[PDB]
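Following the authors' numbering, the numbering of the sequence shown begins with 0 at its first residue and continues without gaps. All C-beta atoms in this analysis are idealised placements derived from N, C-alpha and C, irrespective of residue type, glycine included.
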Amino acid sequence: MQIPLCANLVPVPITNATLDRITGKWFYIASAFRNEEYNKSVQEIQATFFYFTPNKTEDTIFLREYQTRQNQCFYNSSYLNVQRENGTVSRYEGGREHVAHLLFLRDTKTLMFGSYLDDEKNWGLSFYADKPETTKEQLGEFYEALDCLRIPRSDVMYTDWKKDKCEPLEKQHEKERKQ
Ligand SMILES: CN(C)CCCN1c2ccccc2Sc2ccc(Cl)cc21
């Protein structure tokens with residue numbers, strides 16, 4: 000395995016410090032995959048921001064996702080399961096449990112999810128940050144991770160924060176949960 004090139008693609012067991020690190024609000028920035036299904040489906044996502052509340056005693060994360068797709072907001076919450084040893088996270092989408100490797104970069108205000116990382120025919124990365132806009136410093140780290148997987152930068156699908164439809168609903172939820 001080529002290092003430093005692939006340094007950040009390397010899984011490590013998930014600790015409580017790591018769970019704390021990913022706690023809070025995240026914005027989905029960019030992704031790329033060799034999997035063709037994810038290429039056509041992720042292409043429809045205009046924005047997404049979500050909340051992670053990990054439960055360190057249960058190895059779960061409570062997710063509250065706010066996805067913008069088809070000119071509308073789609074809200075869903077669920078309990079993700081954490082597989083500490085394998086450095087992975089899992090959730091149910093469309094009936095089936097799906098797994099993602101939890102990965103990181105130099106900047107702690109960012110994180111990645113790795114999909115099908117064992118399979119060079121299907122692998123991909125999704126890129127997340129604490130703001131909907133990222134710096135060239137932050138981007139560089141993600142683009143490097145794509146270089147590791149030999150995925151062209153041209154294959155990246157990007158969000159556009161101005162197209163978000165979920166902010167007004169998140170606003171409504173804040174009102175409800177703080178009442
Ligand atoms: C292409 N996308 C369907 C996969 C993205 C990774 N996706 C995910 C997948 C499989 C298992 C766990 C997770 S955690 C997670 C939390 C927030 C968001 Cl927005 C996405 C994910």
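Check	Outcome
Straight-line Cα distance separating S89 from residue 181	This structure gives no information on residue 181, because the portion of the chain shown stretches from 0 to 178.
Per DSSP, cross-strand counterpart(s) of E64	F49, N75
Cβ-heavy atom distance, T67 to ligand 1, below 7 Å	no
Residues bridged to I2 (per DSSP)	None, per the DSSP bridge assignment.
Meets three-Cβ-pair contact criterion under 8 Å: the stretch 113-124 and the stretch 15-23	no
Own chain partners of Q1 with C-beta closer than 8 Å, once the 5 adjacent residues on each side are dropped	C147
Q45 classed as buried or exposed, judged by whether at least 16 other C-beta atoms fall within 10 angstroms	buried
Nearest to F103 (by Cα), restricted to the options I28, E140, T67, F73	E140
Spatially closest choice to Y27 from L168, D58, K130, by CA coordinates	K130
Identity of the residue in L168, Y157, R176 nearest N38 by Cα	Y157
Residues that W122 bridges to, as DSSP identifies them	According to DSSP, which records beta bridges pairwise, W122 is partnered with nothing at all.
Collapsed DSSP secondary structure at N15 in the structure displayed	helix
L145 beta carbon near ligand 1 (any heavy atom closer than 7 Å)	no
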